[PDB]
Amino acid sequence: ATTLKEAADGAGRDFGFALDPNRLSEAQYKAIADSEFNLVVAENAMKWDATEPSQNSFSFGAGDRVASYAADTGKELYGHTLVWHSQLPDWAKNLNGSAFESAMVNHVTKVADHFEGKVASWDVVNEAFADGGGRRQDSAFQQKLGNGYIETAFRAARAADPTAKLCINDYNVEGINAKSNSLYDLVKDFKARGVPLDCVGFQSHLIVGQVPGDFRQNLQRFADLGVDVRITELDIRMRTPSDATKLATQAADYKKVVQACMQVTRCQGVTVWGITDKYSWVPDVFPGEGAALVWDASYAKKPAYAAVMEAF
């Protein structure tokens, strides 16, 4: 294969990227986007703050741009995300009880319906759990509605879109641990009670040289519950600046991640959280860390590229 798109296509899997629609006007960005991936997800355009800035006032221009790009270039479209405690507008945080629940349900229905038939899979609920196990302790949904908001969101999404693959996503759940265990129980419960749920998305925002050794085993146990699994936001951050050794370790890590997916029949694929280090979200969020993607700031392929190609 000459591109990662061809590599993934040949393996019967998806290799996607998180898109910022504004960057499509940047030639090199568009070129890589068009030729190296077969799946796209909106990095921010489909989130609550971008789609419902004011209650009952939806703004789909940006999300539409991402959707159109996917259809126009023949790429699968992944939706991110309907219910998330972050990037949730204040107007929503100011609501409580029935009023808040009604806003959540309507947000889910309106957004899922708007992209119905275009978005093939949704991260319906994102980051519901806490590192160490249990529910997240700073979520407006967890605090205002309690444990049952997750099931409500999934049922509401299914009602609005009867065929879309409905997923629950989280980070720090790639290996078997307290957090992934809580998520595992949730998945098993939902399947047992017939609650709509078709997939689990493992963000996979990892640290260089720290890929869980039981990643594949963990992916397989979830898949064995009767759902598909997918790596949704892969990036492997290192201490900046980067150097030969760090980039080498990173490449080996990318290979291990893609391999784990290849080793599980139900792993739909791997989506990296961006194309270039130039725009990666890491530096601004993790001071002193970065150089997490496959292309560097000059759009030059890093060693990770060859590793992903080989892994597929």
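Note that residue numbering begins at 1 and tracks the sequence as displayed.
The deposited model assigns a higher average Cα B-factor to 212 to 220 than to the other stretch when 212 to 220 and 80 to 88 are compared. Between the stretches 59 to 67 and 243 to 251, it is 243 to 251 that shows the larger average CA temperature factor.
Within the selection 167, 231, 95, 105, the deposited Cα B-factor values reach their highest point at 95.
Taking only the listed residues 276, 38, 268, 263, the entry reports the highest CA temperature factor at 263.
Remark: residue 178 belongs to the highest third of its chain, ranked by C-alpha B-factor as recorded. When the CA B factors of the chain's modelled residues are split into thirds, the value for residue 162 lands in the middle one.
Residue-level temperature factors show residue 51 in the lowest third of its chain, judged at the C-alpha atom. Among the modelled residues of its chain, residue 126 has a C-alpha B-factor that falls in the lowest third, as given in the PDB entry. Among all modelled residues in its chain, residue 172 ranks in the middle third by Cα B-factor.
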